[PDB]
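Asker: just coords:
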Ligand SMILES: [Mg+2]
Ligand SMILES: [Mg+2]
Ligand SMILES: [Mg+2]
Ligand SMILES: [Mg+2]
């Protein structure tokens, strides 16, 4: 049997703010696994590093082949595991991913096969976050006008995407992001702008291009209902994060009043996190992030449990190539996949250059990696220039 | 990629009615996988053979590595899969187990490792169904008197077992098995015999040997409650199948009125079958049979879902060596294992000689197989003399 | 008292109707049918009927209640339920009612509580495969073809049709798209365009049932149902599978069309959660799949408390048709009878002794003792048969 | 108006693993506030440091008087706040407390007056975690025998304590802590030891000393019920953390089956975390830790909301003197207080020397600090030798 000998927690140096963090798990047989901690944006990345560092201390000396036992150890033997949480879970996730990488390298087998094989040959993708533009030379667009939203959609369509996602509310008319109060009942003008932008897209792309309406949970229950009712007639594919998950009854209230399938999951963690949303019937599409919401071991369980309640799965992807890789593996294997999320930045050099292999979509579709393990690793150059903590 | 080229459905010849049925899936690469259809007792083994035969027709030519996709095809593309059922499920299960056998043989790895590794080093066992005796020369005991029940428990203890299970109700005083009407409110004498037998066991073995009370769903709600209340004081480990699963509210009513943890699951199939019992909180211990209740792919998902509602798992085992092997692998990998079921016949030559390898418990503990795949196969001699349908 | 002496389990000479023939020492034989003639599982139904027959040899066939309870309670696997298990149970059960009627010289409907109606209204079922003669093969693709097939059925006197307009793609492939989850508009727009073409052709006074075969899931069932609401849909059949009854309730909550299901829902126990959750308006048990005469009568009775009406699911041979007609004659809560095209045609009807055909969209019930239907001697001669004694 | 100018995140050096972490918030007016991040034990203190660091970045420049607006910013403008979590919450908490310390210093008023004044003159205390002994020279103990547990209780009573808490289950007979599997149905001997130790205590102290049974969530639903039913007759004051909070229905199941009032809260965070336990009626006593479960702003709100459902409050305290101080203030102001938690280590030199002031219980009772703010600060000497990150 192999033994974990050290773990590196890598604060990935990049040219893009943006803080991808990688877990590299090392064995006495010289097989190393790579995982990603999914807190690259928002406020928390330093906490993910210290969390990954703290959890690493407790797995040194263990057999990395025992992912189920290691997952449950991190849940049950850490004290704070049993109260749950996003920082806790994201660090767990990176470690878990790295254990599956090792597992696949040990056997010479790509992740998807270890998750039950090839349930589909190609992965349908959508162009994500169109409020920030699409196409080359759109690298920091802050779109304000309906016509600009329509044009970004059309550019994505011309690139072979038959689905887009967009938050049309959170940018004000002056290009300020998320600086208005969108909680409670809102004056018509605040949401009419969002409506006109969305209706411009639909008018431009026609009925056979799917549109996902993303709210980022910047709205609350009331404003999420008010906006969702407005966009109902636009044929919305699903309605993402209308409200935060802290009281699951609020999501149910949105679902009761808005006739569009709801999606959430990037901020819902583990099977326990999803449970109340499966039981209350509020979600149609679930969006766990493999790098945030529990790792490969737990997200597979999530997807399997959600199938009982007829949910389909769009993995949330907002990190480095490692995050993309593991998402493609999961989406390839599961029966209840719907669509993959592609950010514009994920195609770009400062992202792709961090890692050894470059998997890119063609005509709106990905194919799964075929190398042993997750099929993705940081380059040596990135590791050399990235501040690193090493636990042994 | 490999291809399924033929499937043999094997009506296993044995010296023991008893009708073990084996599914042997063969590939163009010469790797064959073995699985078991768990209908060896009760009424329906011939139907399981014809079911396996019919399902085999739709998997010929498929890549056997895609067990997720194949499982979902058997659910969704058969018509009858989507109505569920025990015969349908048991055939699916035998095919599914054979697919994991292939997977393990392809990679050179034992099953427990592909299910997430070795979560425990030994597997605790109970001596099951003591009403039929225990010890050598007890080969068709039909025990009637409390003292006989005590003695059989004591024999089991002397062999290193620190837990037993027994149905003390279904034998009448004359040695007739399941021939009284045990439905509705019952005269005290009918259940007093059961209680007296159970109390004799507890007195004989003391407090530190566990007793499971098995009812085989021969009782209904009213009599299960009447009996469960009587035996509460005897320190019952769990109370098994007090009522059939067809209306899950009935199990809940028993749970509310009886202060012993309930167990069930050998006649409850798939994630969908467990769902109402998880949601209504009636079961403390779940008992899926891997060979009846959906195979490896599905019973792993059952066990994972059950952990959210704090259920522990005793795999139901009542078939040949193949059934025991797959149970051991599942029980080694899962976090939420409690105990393994050992029947007396499973130790005996007419059972063990059907298969190539001989895994036997020692001082009430099993260890898991280590050979590639499930680590168990029929012998060539058994396959030679066993009536076989071949699908190609 | 008579005694069962033997049972023949008959593989009637993909399409695999299976017949149970129960034989007595008094020379009365009863016929029933195991309702797995399509899908995957007919060989299992044979083995199941074989195994179940072993437990009824030597029994008085007049005791159908005790025999049904024995198959539930004394088989082990009965108490976990299931479609193969229930279908074999059904075929045996039907044969026992046949014996009972033959013994007394009375037709089944009378033994089920009499003639509650004189005629049985029928719909032309599964129009995506065409209607009329020479439409044996048909795999219809275009909206106008769907309307034409509907119009043909109307001209034969049918005032109601059923059609699945979604399961055939534009190229005539059957059930080869993924219809799970939220769907691109075009995938369902084709089904809508087909359905709206039928409505426009037949007018408001011809009923249309939308059949989904549970090929959709909750999300896509809701998306399609909402699309077709405006078309005046009679009911909306099997939008989702029955495995989690809460899913059916979710479709019912979001789609303003009465829901129907039952061909894959078995026994009083299987119907219970759908009665308690309010999801179904119309129930569709198959007498040959979902428990037999004894049990399907109880299903119909229980459903009446919850104001459900009943369309028996019929997709088998003439024996299946016969027993449906008897049940639908006696029950108070009948709505409509299902007629498939193939059921009218020689290869189906020739298997059996008597030919009950509808006229002007109406059936009448058989009047002979028992179920009033039997395999011909010639069919039994050439059909592979297991005999249990 | 004042401005936050810098924040020090202090890894408190100490002669006790044990990792107190202090947030010191510094203003343009030279008023500094002290808070504590409640993650001093278990796995995750490094995460709490990085989380406090990341959160501090967002409040530099803000008016520290606006604790409501700062709290909601940390909730709403961080992304991850809206998914919740223990590390996230604990860092928010340290910051929040330091804001109230500033507020009280600015006005010249102790915290309790700012929380609604003095609702009681003394604060009743229990001697906590008796499995580790009580008295001087016990720093030390890993108690195994019933008689030892009885003696520790007697020593506590002699010091003026009329209440104790103890986990009698998690030490085995050999003095190993939390090393047995306590999930699922359990053989009698595992719990009989715990029962005997607890009955020994009750016999020793008589009826008028309160005993709290602490379980640490090392049990699950089934074993929590098994043990609670055994100790029912011993007159247990409340039953603490019988099961983890991840599925609130599990707490409800213990409540239904065990006739002892339940307590939990050290791993339940914010109003939103308590909500389902209030709605389902499972908890009788709530135990939020001010340093983990949201800070003073949020924990006040928790106690107020809980009062509608007739819950009483025992603040969870297991950190440094700053933790104690803030707990005393909250418990003084709120109407629905029951009892205070005192660990042995909290009286000891390595703990108390970390901070400027020494508040000690007398005869089982504490009194509240009276200085401006929380009335507690690290010493200059501690701050000099403590590894410190400064954000500005
Ligand atoms: Mg999002
Ligand atoms: Mg059993
Ligand atoms: Mg149908
Ligand atoms: Mg505690």
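Answerer: Thanks, I have it. Numbering: from 1, shown residues only, chains lettered A, B, ... in the order given. Ligands and ions are numbered 1, 2, ... in the order given.
Asker: what's the end-to-end length of stretch A:40-48?
Answerer: Stretch A:40-48 has an end-to-end distance of 9 Å (criterion: Cα to Cα, to the nearest Å).
Asker: any buried residues in it, and which?
Answerer: Applying a neighbour-count criterion of 16 or more other Cβ atoms under 10 Å in any protein chain shown, the buried positions in stretch A:40-48 are A:40, A:42-48. For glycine as for every other residue, the C-beta is placed from the backbone atoms N, C-alpha and C.
Asker: out of these, which are close to chain D?
Answerer: Checked against chain D using Cβ under 8 Å from any Cβ of the partner chain, the buried residues of stretch A:40-48 give the following subset in range: A:42-48.
Asker: how does chain A divide into domains?
Answerer: Here chain A is described, according to curated CATH domains, as comprising the domains A:1-108+A:374-392, A:109-373.
Asker: ranking the ones you listed by burial, who's on top?
Answerer: Mean neighbours per residue, mean count of other Cβ atoms under 10 Å in any protein chain shown, is largest over those for domain A:1-108+A:374-392, with a mean of 22.
Asker: do you know how far the closest residue to chain C within chain A is from chain D?
Answerer: Among the residues of chain A, residue A:312 lies closest to chain C, at 3.6 Å counting by Cβ to the nearest Cβ. Distance of residue A:312 to chain D, computed by Cβ to the nearest Cβ, to the nearest Å: 22 Å.
Asker: now that that residue has come up, it's in contact with residue C:183, right?
Answerer: No. Under the criterion of Cβ atoms under 8 Å, residue A:312 is not in contact with residue C:183, lying 10.6 Å apart.
Asker: overlap of the contact sets of the two?
Answerer: residue C:219 (Cβ atoms under 8 Å, 6 or more residues apart in numbering or on different chains).
Asker: list, one by one, the residues from the stretch 201-350 of chain A near chain B.
Answerer: Taking Cβ under 8 Å from any Cβ, the part of the stretch 201-350 of chain A that reaches chain B is made up of A:271-272, A:275, A:279, A:297, A:301, A:304-305, A:307-308, A:333-335.
Asker: how about the closest residue to chain D within the stretch 151-300 of chain A: what's its closest non-neighbour residue?
Answerer: In the stretch 151-300 of chain A, the residue found nearest to chain D is residue A:267; the distance is 3.4 Å by Cβ to the nearest Cβ. Spatial nearest neighbour of residue A:267, chain neighbours left out: residue D:83 (3.4 Å); criterion: Cβ to Cβ, 6 or more residues apart in numbering or on different chains.
Asker: wait, isn't the one you found in contact with residue A:88?
Answerer: No. Checked against Cβ under 8 Å, the pair residue D:83 and residue A:88 is beyond contact range at 10.6 Å.
Asker: quick revisit: what is the nearest of the ones next to chain D among the buried residues of stretch A:40-48 to chain B?
Answerer: In terms of Cβ to the nearest Cβ, no member of those lies closer to chain B than residue A:48, at 24.3 Å.
Asker: got the residues of the stretch 151-300 of chain A near chain C?
Answerer: With Cβ under 8 Å from any Cβ as the criterion, the stretch 151-300 of chain A comes near chain C at residues A:162, A:207-208, A:210, A:235, A:237-238, A:259, A:261, A:281, A:284-285.
Asker: let me have the residues you listed in CSV, extended by secondary structure.
Answerer: Supplementary listing: those in CSV, determined by DSSP: H, G, I helix; E, B strand; the rest coil:
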residue, secondary structure
A:162, coil
A:207, coil
A:208, coil
A:210, strand
A:235, coil
A:237, strand
A:238, strand
A:259, coil
A:261, coil
A:281, coil
A:284, coil
A:285, strand
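Asker: quick one: residues contacting residue A:334.
Answerer: For residue A:334, the set of contacting residues under the criterion of Cβ under 8 Å, 6+ apart consists of A:115-116, A:119, A:300, A:303-304, A:313, B:68.
Asker: try 7 Å this time
Answerer: Going by Cβ atoms under 7 Å, 6 or more residues apart in numbering or on different chains, residue A:334 touches A:119, A:303, A:313.
Asker: which ones among those residues map onto strands?
Answerer: Counting by DSSP state E, the part of the contacts of residue A:334 found in strands is residue A:313.
Asker: if we can go back for a sec, please name the nearest non-neighbouring residue to the residue of chain A closest to chain C.
Answerer: Leaving aside its sequence neighbours, residue A:312 sits nearest to residue C:181 (Cβ to Cβ, 6+ apart; 3.6 Å).
Asker: backbone dihedrals for that neighbour, please?
Answerer: For residue C:181, the backbone dihedrals (degrees, to the nearest 10) come out as phi 90, psi -170.
Asker: swap in the one 3 residues further on?
Answerer: When read as degrees, to the nearest 10, the backbone of residue C:184 gives phi -60, psi 140.
Asker: might one say that the residue of chain A closest to chain C is in contact with residue A:283?
Answerer: No. Using Cβ atoms under 7 Å, residue A:312 makes no contact with residue A:283, being 10.0 Å away.
Asker: and the spatially most central residue of chain A, what does it touch?
Answerer: Geometric centre of chain A, nearest residue: residue A:316, 2.2 Å, by Cα atoms, centre = their mean. Applying Cβ under 7 Å, 6+ apart to residue A:316 gives the contacts A:265-266, A:287-289, A:341.
Asker: what's the spacing between residue A:30 and chain D?
Answerer: Taking Cβ to the nearest Cβ, one finds residue A:30 at 28 Å from chain D.
Asker: tell me the contacts of residue A:202?
Answerer: Residues in contact with residue A:202 (Cβ under 7 Å, 6+ apart) are A:211, A:234-235.
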